[PDB]
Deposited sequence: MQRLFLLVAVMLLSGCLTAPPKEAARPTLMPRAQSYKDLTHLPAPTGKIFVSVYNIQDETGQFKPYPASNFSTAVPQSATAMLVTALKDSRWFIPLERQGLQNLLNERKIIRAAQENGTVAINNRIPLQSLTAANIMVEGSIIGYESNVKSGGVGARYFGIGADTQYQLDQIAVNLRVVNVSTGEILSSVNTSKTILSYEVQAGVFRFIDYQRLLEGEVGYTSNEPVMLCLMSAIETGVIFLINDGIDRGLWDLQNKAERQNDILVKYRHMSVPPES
């Protein structure tokens, strides 16, 4: 097991959802340094050190020390970085056709998320590695309908829509990123 310290990884995408959404709602989750710490945890051996999160821990230790009137493990490597970018439509498109009286159509869009992870040495402060990974986010819509006349009338509609969970894609990106960092570390080795 190797002790890894990670404090914060930002959303540097600087992006927000368009209308109808609230102009306050980010296009990307604020959750990394959770995603990342659990990615390091689940890829074990790595032993995540918290530091989120550090203030509370320090308070708790203050309470402990107060109750009695005993040390805190460090990390030789630190992971840093942020969420590099988000956009759309990137690649997007769709088709459709309507004949009397049955129409049908379909649409799709792709999005991009990029992430940067950096392994930095704690002793020398040198950056031992850094990587950019980018996943893509699918969205699609399918519709079919029927408009027919008799005389009286008839009509019908069916439809389905899917959005890949940006949070899941982020998780994917940070995981493949950690895989890459570990792999890169194997040729170092530091281990």
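Engineer: Relative to the deposited sequence, which regions have no modelled C-alpha positions in the structure?
Structural biologist: No coordinates exist for the deposited residues in 1-47, 117-128, 211-212, 253-277, so these stretches are absent from the model.
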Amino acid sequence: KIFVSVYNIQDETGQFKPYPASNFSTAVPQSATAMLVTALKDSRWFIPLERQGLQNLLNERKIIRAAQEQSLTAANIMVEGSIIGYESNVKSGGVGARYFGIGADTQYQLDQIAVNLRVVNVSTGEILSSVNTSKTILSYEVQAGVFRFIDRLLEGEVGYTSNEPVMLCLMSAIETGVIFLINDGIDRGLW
From here on, numbers count along this sequence of modelled residues.
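Engineer: Do the C-alpha atoms of 59-67 or of 24-32 have the higher average B factor in the entry?
Structural biologist: According to the entry, 59-67 carries the higher average C-alpha B-factor.
Engineer: Look over 171-179 and 9-17 in the entry and identify the one with the greater average Cα temperature factor.
Structural biologist: Stretch with the greater average CA B-factor: 171-179.
Engineer: Could you check 75, 97, 119, 90 and tell me which one carries the biggest Cα B-factor in the deposited entry?
Structural biologist: Highest C-alpha B-factor among the listed residues goes to 97.
Engineer: Looking at 135, 152, 51, 41, which has the highest Cα B-factor in the entry?
Structural biologist: Most elevated C-alpha B-factor of the set, per the entry: 152.
Engineer: Split into thirds by Cα B-factor across the chain's modelled residues, where does residue 125 land: lowest, middle or highest?
Structural biologist: Its C-alpha B-factor belongs to the lowest third of this chain's values.
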